[PDB]
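Undergrad: Please find the sequence and an experimentally derived structure below.
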Amino acid sequence: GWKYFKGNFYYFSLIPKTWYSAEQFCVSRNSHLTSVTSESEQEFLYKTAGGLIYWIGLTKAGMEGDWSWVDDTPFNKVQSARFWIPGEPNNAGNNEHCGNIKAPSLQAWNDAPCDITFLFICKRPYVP
Ligand SMILES: CO[C@H]1O[C@H](CO)[C@@H](O)[C@H](O)[C@H]1NC(C)=O
Ligand SMILES: [Ca+2]
């Protein structure tokens, strides 16, 4: 069921999980919750999501609570500004330390509590 896009395969899950149980599932399939590093990747992802919410690899790191990618892609604060839903990350209830694709727009991301269950997206490199 993996979908191919620009050097990577993507798994859009059929069952919802917490952010971490999702990441564990991805790792068991030799992947990670997806990073997003271009406008074209964001578009591929939200279009494929078809209006449903999917955990991606966004999660907090460091004392300052900076956002990061679980697959260790450096997080670019400047280049990613255009990818959040206006008002996000708003850190609701001071307990939203993971990120998902929520809105069907380039401005797609929301921070939500890591312990809520959602469908999720894994990303796995193709290595020729
Ligand atoms: C009302 O709460 C929801 O909407 C806000 C944005 O208005 C979001 O910022 C907030 O994360 C989201 N909560 C959950 C649990 O998904
Ligand atoms: Ca939020």
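TA: Received the coordinates, thanks. Residues are numbered from 1 along each chain as shown. Ligands and ions are numbered 1, 2, ... in the order given.

Undergrad: what's the spacing between the spatially most central residue of the chain and residue 34?
TA: Compute the mean C-alpha point of the chain, and by Cα atoms, centre = their mean the closest residue is residue 56, 1.6 Å away. Taking Cβ to Cβ, to the nearest Å as the measure, residue 56 and residue 34 are separated by 5 Å. From N, CA and C alone the C-beta is placed, and that goes for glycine too.

Undergrad: Work out for me the element the residue nearest to the centre of the chain sits within.
TA: Secondary structure assigned from DSSP states H and E places residue 56 in strand 54-61.

Undergrad: What's the first helix or strand after that strand?
TA: The element immediately downstream of strand 54-61 (helix or strand, assigned by DSSP H and E) is strand 66-69.

Undergrad: Each with direction, which strands does that following strand pair with?
TA: Using DSSP bridges, strand 66-69 pairs in its sheet with strand 54-61 (antiparallel).

Undergrad: Say whether ligand 1 is contacted by the partner strand.
TA: No - judged by Cβ under 6 Å from any ligand atom, strand 54-61 makes no contact with ligand 1; its nearest approach is 11.6 Å.

Undergrad: buried set for that strand?
TA: By neighbour count, with 16 or more other Cβ atoms under 10 Å as the criterion, the buried positions of strand 54-61 are 54, 55, 56, 57, 58, 59, 60.

Undergrad: Name all residues that make contact with the fifth one.
TA: This means residue 58. Applying Cβ atoms under 8 Å, 6 or more residues apart in numbering, we find residue 58 in contact with 67, 68, 69, 70, 98, 99, 100, 109, 111.

Undergrad: how near is residue 51 to ligand 2?
TA: According to Cβ to the ion, to the nearest Å, residue 51 and ligand 2 sit 18 Å apart.

Undergrad: Might you enumerate the residues of this structure proximal to ligand 2?
TA: Taking Cβ under 5 Å from the ion as the measure of proximity, the chain contacts ligand 2 at 88, 90, 92, 96, 110, 111.
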